[PDB]
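Structure, as structure tokens:
A, B, ... follow the sequence lines: proteins, then strands. Residue 1 opens every chain. These numbers come from the heavy atoms of this one structure, side chains and all, not from hydrogens, waters or symmetry mates.
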Amino acid sequence: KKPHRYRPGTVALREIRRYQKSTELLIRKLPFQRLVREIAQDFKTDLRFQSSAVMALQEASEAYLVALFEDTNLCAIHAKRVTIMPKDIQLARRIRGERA
DNA sequence: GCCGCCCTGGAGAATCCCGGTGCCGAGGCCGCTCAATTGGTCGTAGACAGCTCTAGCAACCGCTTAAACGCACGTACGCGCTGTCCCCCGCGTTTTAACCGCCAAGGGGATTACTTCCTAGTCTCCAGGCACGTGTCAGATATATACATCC
């Protein structure tokens, strides 16, 4: 219960300016390893993983999600909005050719 | 005469600066060592020349006709404004699991060296499949001619 609450949006701009400067991975390593192993046991059983393989998968997945979020933000801005919605992701993936 | 209180001076300890010496990152030097270099030989890939036949190109023609263009009207939709409500954001508090540091043994896989043998490259010879051209043949199409019929 303290005064001087911040306006909704300048904190998000601060995290935008912070996370666009830094280069570290934004997803924790152990949940991503568990997700990769859970996906990979469907294709083949008794699969071992190098740590650099999981790191390459994490780098590629984070780059893909960041680029998709940039296209999604462009979709949301084009619809005279500032909030991203699942239809923006759907339109971005449709124009990209993933849903086409 | 005896005892208590205020003012001022020089010596002991803390700190800054400089010199001698030991440790981390990087570069010169040395040793192995394997792949780039050099030299020679030879086969053939490609450059060059030559002839033949077909497509493209610049600039013009003529004719047709459907597409393009201009204009007027009208109305549907993009856009701006306002309300509203709801849902996402900011923040405080509590939980929880990521992260790092640990076993405990065992298998997977990357190398180094070695052996062996099966299979694919290479060469020679041959023949049949593919590409092209043509004679022939059965299905599809159009009309010639004869019969039943309405006015």
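- Separating the CZ atom of A:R7 from the P atom of B:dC91 is a distance of 13 Å, rounded to the nearest angstrom.
- Base-pairing analysis of DNA chain B finds no stem of at least three consecutive Watson-Crick or G-U pairs with both pairing distances under 3.5 Å.
- In this entry B:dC102 carries a north-puckered sugar, per its positive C1'-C2'-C3'-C4' angle.
- Using a 4.0 Å cut-off between charged side-chain N and carboxylate O, A:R93 and A:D71 make no salt bridge.
- For the segment residues 8-16 of chain A, the set of residues with a heavy atom within less than 4.0 Å of an atom of DNA chain B comprises A:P8, A:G9, A:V11, A:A12, in numerical order.
- Looking at heavy atoms from C-beta onward, A:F32 lies in side-chain contact with A:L57 at the 4.5 angstrom threshold.
- The line from CD of A:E59 to OG1 of A:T23 is 8.5 Å long, rounded to the nearest 0.5 Å.
- Using P as the reference atom, B:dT44 and B:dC123 are 9 Å apart when rounded to the nearest Å.
- Looking only at distances, a side-chain donor or acceptor of A:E62 sits under 3.5 Å from a matching main-chain atom of A:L26.
- Of the residues in residues 23-55 of chain A, those with a non-hydrogen atom less than 4.0 angstrom from any atom of DNA chain B are A:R28, A:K29, A:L30, A:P31, A:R34, A:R48.
- Side chain of A:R99 to backbone of A:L91: no donor-acceptor contact under 3.5 angstrom is found.
- Using a 4.5 Å cut-off on side-chain heavy atoms (C-beta onward), A:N73 and A:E70 make no contact.
- A positive value of the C1'-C2'-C3'-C4' dihedral assigns B:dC61 to the north, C3'-endo side.
- In this structure, the side chain of A:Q58 engages the main chain of A:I27 through a donor-acceptor pair within 3.5 Å.
- Using the sign of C1'-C2'-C3'-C4' as the criterion, B:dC60 is classed as a north pucker.
- Between the NE2 atom of A:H4 and the P atom of B:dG90 there is a distance of 13 Å, rounded to whole Å.
- A heavy-atom distance below 4.5 Å is found between the side chains of A:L68 and A:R96.
- A negative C1'-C2'-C3'-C4' angle places the sugar of B:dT93 in the south (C2'-endo) family.
- At least one donor-acceptor pair under 3.5 Å links the side chain of A:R81 to the backbone N or O of A:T83.
- At a threshold of 4.5 Å between non-hydrogen side-chain atoms, the residues A:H78 and A:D88 do not count as touching.
- Side-chain contact between A:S22 and A:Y19 is present, with heavy atoms from C-beta onward closer than 4.5 Å.
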